[PDB]
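Letters A, B, ... mirror the listed sequences (proteins, then strands); counts begin at 1. The basis for the numbers below is simple: all heavy atoms, side chains too, and nothing from hydrogens, waters or symmetry mates.
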Amino acid sequence: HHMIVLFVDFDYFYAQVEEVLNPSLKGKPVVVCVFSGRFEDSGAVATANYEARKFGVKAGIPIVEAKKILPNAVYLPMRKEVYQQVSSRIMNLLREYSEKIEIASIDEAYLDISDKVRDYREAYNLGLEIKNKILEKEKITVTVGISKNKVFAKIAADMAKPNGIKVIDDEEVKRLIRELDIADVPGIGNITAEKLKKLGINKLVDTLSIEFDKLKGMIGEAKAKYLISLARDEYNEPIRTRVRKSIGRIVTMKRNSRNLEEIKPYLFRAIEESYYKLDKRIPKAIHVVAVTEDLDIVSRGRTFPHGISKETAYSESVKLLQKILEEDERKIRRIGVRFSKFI
DNA sequence: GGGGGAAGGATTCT
DNA sequence: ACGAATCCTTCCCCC
Ligand SMILES: Nc1nc2c(ncn2[C@H]2C[C@H](O)[C@@H](COP(=O)(O)OP(=O)(O)OP(=O)(O)O)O2)c(=O)[nH]1
Ligand SMILES: [Ca+2]
Ligand SMILES: [Ca+2]
Ligand SMILES: [Ca+2]
Ligand SMILES: [Ca+2]
């Protein structure tokens, strides 16, 4: 009659993996950190388990502030490659439940189980079978969301987290479209949430009382059509494979700088790691990205009529870096590169 | 008018 | 006080 989407989101992923790899951590507050090297505990928290998030320690806060709060918790350096491989294996399993699987991030995917189930009961049961299987195979708990479309599947999981499973039937979808704060709609951050308030829109439904063109004028057409769809209970994007369209590395310097020679080593380090990661991929475009001292972001790039060799990336990146320092007077704090337009 | 594409910045999100 | 997709606006070349 319509689509049946099942969304899967692993719980406090990075930290749970640290637990799996060292179960003696369970029960204790675990904090996976991103150490910037600027000083002792400079950096931010990538994520934390619930035992630590109930005290305010979470993704985003400085490491120093988290220690102010939980001086005795366990602080571990982020090990991105490890969580990715654990993630891949879990994605492979889900893959065994549908052909139409959309891997949205390192720890979440949507499955189109439209022709694997009939009605939500079976759907609900396919959920447990999945949770139970990932738990057994990898000992990772995950939350499951099930609804008529990706957006509501996602919302379903946010509401059941953690270690939960939830269904939002078409009847209930019609309540959310009236009761759900527009801000909690995926893809609607602070900037959009506030533009929406100023226009009197606090709930999805409200997007129906406003003139379309005004919406578009205030938050863009893409975002306007998006909200109106969900609002008209007509949203139906299909689950679909998504391949990486960009690869890059950005690093924080020990000190902010404008001296080309102090910045080069970091930039070159970024290019190295990036190329290593490109694997058998050849980019036609390169961008140099810089985070200025006032945590602002400037970038300069160029697209070549052919692929980019490492030597070409080294040379071109230095020129783009020079463009930045020239057109922007602020000191540079973070420097990096991003490659795209793969051949 | 429109199409096509490329830069650079804005937003979001995990 | 730390990697990546989508979208918006402007600028440009041109039939
Ligand atoms: N470096 C960095 N990584 C993040 C950040 N937020 C999330 N991540 C990465 C590592 C986290 O383990 C993974 C988390 O995905 P989610 O934020 O959706 O949930 P998490 O797994 O954090 O726990 P949860 O979904 O809230 O139960 O994504 C962030 O702000 N900075
Ligand atoms: Ca998660
Ligand atoms: Ca997630
Ligand atoms: Ca939000
Ligand atoms: Ca998130």
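- Listed candidates were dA4(C), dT14(B), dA1(C). Nearest to the side chain of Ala44(A) is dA1(C).
- In the set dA4(C), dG9(B), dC2(C), the nucleotide with an atom closest to the side chain of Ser246(A) is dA4(C).
- Minimum atom distance to the side chain of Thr192(A) is reached by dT12(B), of the listed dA4(C), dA1(C), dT12(B).
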- [ ] Take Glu272(A) and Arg269(A), measure what salt bridge (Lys or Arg N to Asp or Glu O under 4.0 Å) needs, and give me the verdict at the end.
- [x] CA-CA 5 Å; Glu272(A) 297 288 7; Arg269(A) 199 188 312 266; over 6 Å; no
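- Rounded to whole angstrom, the span from the CZ atom of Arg249(A) across to the P atom of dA4(C) amounts to 11 Å.
- Of all nucleotides listed (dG3(C), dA5(C), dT14(B)), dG3(C) comes nearest to the side chain of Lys277(A).
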Each nucleotide N or O in nucleotides 8-11 of chain C that has a protein N or O under 3.5 Å away: list the pair and distance.
{"from": "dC8(C)", "atom 1": "OP1", "to": "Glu221(A)", "atom 2": "N", "distance (Å)": "3.1"}
{"from": "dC8(C)", "atom 1": "OP1", "to": "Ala222(A)", "atom 2": "N", "distance (Å)": "2.8"}

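- Taking for each of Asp296(A) and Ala285(A) the nucleotide of DNA chain B with the nearest heavy atom, the 5'-most of the two is the partner of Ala285(A).
- For the pair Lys284(A) and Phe342(A), the cation-pi criterion (under 6.0 Å, within 45° of the ring axis) is not fulfilled.
- Considering only side-chain atoms of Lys323(A), the nucleotide from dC2(C), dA4(C), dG8(B) that sits closest is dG8(B).
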Open item on the list: Would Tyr50(A) and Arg53(A) count as a side chain to side chain donor-acceptor pair (under 3.5 Å) here? Give the steps.
Closed with: CA-CA 5 Å; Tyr50(A) 289 75; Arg53(A) 328 220 283 219; 3.2 Å; yes
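- Among the nucleotides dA1(C), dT11(B), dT14(B), the one closest to any side-chain atom of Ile191(A) is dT11(B).
- Considering every non-hydrogen atom in both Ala52(A) and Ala48(A), the closest pair reads CB-CB, 4.1 Å.
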Report all side-chain donor-acceptor pairs from residues 173-189 of chain A shorter than 3.5 Å, counting only partners two or more places apart or in another chain.
{"from": "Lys174(A)", "atom 1": "NZ", "to": "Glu171(A)", "atom 2": "OE1", "distance (Å)": "2.7"}
{"from": "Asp181(A)", "atom 1": "OD1", "to": "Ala183(A)", "atom 2": "N", "distance (Å)": "2.6"}

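- The side chain of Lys245(A) lies closest to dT6(C) when the candidates are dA4(C), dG9(B), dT6(C).
- Which of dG9(B), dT11(B), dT14(B) sits closest to the side chain of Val298(A) comes down to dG9(B).
- The two atoms that bring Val5(A) and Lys150(A) nearest to each other are CG2-N, 3.9 Å, heavy atoms only.
- The side chain of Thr252(A) has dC2(C) as its nearest neighbour among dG8(B), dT14(B), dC2(C).
- The side chain of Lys195(A) lies closest to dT11(B), out of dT11(B), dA6(B), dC2(C).
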